[PDB]
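Note sheet for the following structure.
One-based numbering along the sequence shown. As a basis for the values below, the full set of heavy atoms in this structure was taken, side chains included, without hydrogen atoms, waters or symmetry mates.
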Amino acid sequence: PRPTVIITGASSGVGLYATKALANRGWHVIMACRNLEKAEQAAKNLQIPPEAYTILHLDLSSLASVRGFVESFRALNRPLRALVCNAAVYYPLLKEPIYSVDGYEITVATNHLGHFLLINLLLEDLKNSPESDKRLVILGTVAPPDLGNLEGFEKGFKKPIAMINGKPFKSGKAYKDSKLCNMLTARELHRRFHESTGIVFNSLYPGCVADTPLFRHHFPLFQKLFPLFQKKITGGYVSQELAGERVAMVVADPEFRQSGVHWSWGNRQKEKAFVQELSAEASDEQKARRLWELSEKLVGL
Ligand SMILES: NC(=O)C1=CN([C@@H]2O[C@H](COP(=O)(O)OP(=O)(O)OC[C@H]3O[C@@H](n4cnc5c(N)ncnc54)[C@H](OP(=O)(O)O)[C@@H]3O)[C@@H](O)[C@H]2O)C=CC1
């Protein structure tokens, strides 16, 4: 009997190597991906044992697809022990915003809003599971990110709104903004549900995984040289395998069962995890709650 874990965006990068590390630990991985062929080719190239994973379609940019995936997973009749919100898109140099089928700027829609709906639906499945060590793990972070007063969300977040704070569109900051929402969501998940469910709600920063397709929308020269830069200059480089293994630790290792925490190993890498409380910024306490409320409104809860 294999414990089940859902990993979004498992077809490459951190999610792919997290699938391999969890599979090697005896978990069964739900690879929730939007590109089924790309995901299947990725698992076979790594020779991940086929009995350790199953691939289901999930497009986080479509709220109907999120709801559809939840039904598809429930039809598996597999109790859920863990959910990893890993998928993301990064546009550093996108001039004009792209809007999802539901009408939302694609970076926030994919990175935050789709995950926000998935989390709220799958919370039922995590509650009902008989496992005692259940975890919800969110991939976080370490143009600075600024949500302002959530004016863009406060006003419905439809075009021409393209930023959470209502300011004009900046694709790179939109990514930073979306990962900030991931942290605040992990912070709200713990505050709202940990004492009453026993589920562990954590975020994690594995380091600079300079090799992943996250930089696919960057200049081709950037993708070629960023690993060497991160390796020989900043020292913040981490391999895809090490990042995947760190996700698996926070999901499965007993040393990481404390809830409401952000795990990291530093900006510059050595050769030991740091604990940071998610509610540390006490002045973001109300903005975190309103973000949650506005997100419930945007995804139709
Ligand atoms: N790379 C780094 O240095 C760091 C990364 N992170 C986080 O790591 C996580 C992994 O990203 P990484 O592995 O780096 O880059 P990848 O692009 O390799 O992982 C991105 C994943 O998200 C999936 N994805 C994107 N849009 C959607 C969508 N609409 N529906 C479903 N799946 C989607 C991609 O699938 P497709 O290929 O089909 O888009 C891919 O599987 C991200 O959350 C990122 O924020 C955090 C800190 C540092």
Pairs where residues 142-157 contributes a residue and the test side chain to side chain donor-acceptor pair (under 3.5 Å) is met, not counting sequence neighbours: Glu154-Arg290

side-chain contact (heavy atoms from CB on, under 4.5 Å) partner of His217, chosen from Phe222, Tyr91, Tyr90: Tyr91

Evaluation steps, ring pair (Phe, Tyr, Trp, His ring centres under 6.0 Å), between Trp265 and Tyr205: CA-CA 7 Å; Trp265 291 255; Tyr205 174 65; 8.7 Å; no

Any donor-acceptor pair under 3.5 Å from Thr8 side chain to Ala87 backbone: yes

Inter- and intrachain pairs under ring-ring contact (aromatic ring centres under 6.0 Å, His included), touching residues 132-155, at least two apart: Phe153-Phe157

Reference residue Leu83; test side-chain contact (heavy atoms from CB on, under 4.5 Å); the match among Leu118, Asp125, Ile7: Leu118

Plane angle bin for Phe201 and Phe193 - parallel if under 30°, tilted between 30 and 60°, otherwise perpendicular: tilted

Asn86, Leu139, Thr19 screened by side-chain contact (heavy atoms from CB on, under 4.5 Å) with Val247, the one that passes: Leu139

Any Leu122 side-chain heavy atom under 4.5 Å of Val70 side chain: yes

Residues, nucleotides or ligands: over 12 heavy atoms within 6.0 Å of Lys176 NZ: no

N/O donor-acceptor pair under 3.5 Å between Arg78 side chain and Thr4 backbone: no

Criterion side-chain hydrogen bond (donor to acceptor under 3.5 Å, both in side chains) on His262 and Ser203, from CA distance to verdict: CA-CA 5 Å; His262 176 70; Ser203 78; 2.6 Å; yes

Donor-acceptor contact below 3.5 Å, side chain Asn165 vs main chain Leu150: no

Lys/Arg cation over aromatic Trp263: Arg246, 6.0 Å, 45° cone: no

Over 12 foreign heavy atoms within 6.0 Å of NZ, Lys167: no

Test salt bridge (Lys or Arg N to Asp or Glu O under 4.0 Å) applied to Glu285 and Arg187, step by step: CA-CA 9 Å; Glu285 184 54 43; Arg187 154 177 192 165; 2.6 Å; yes

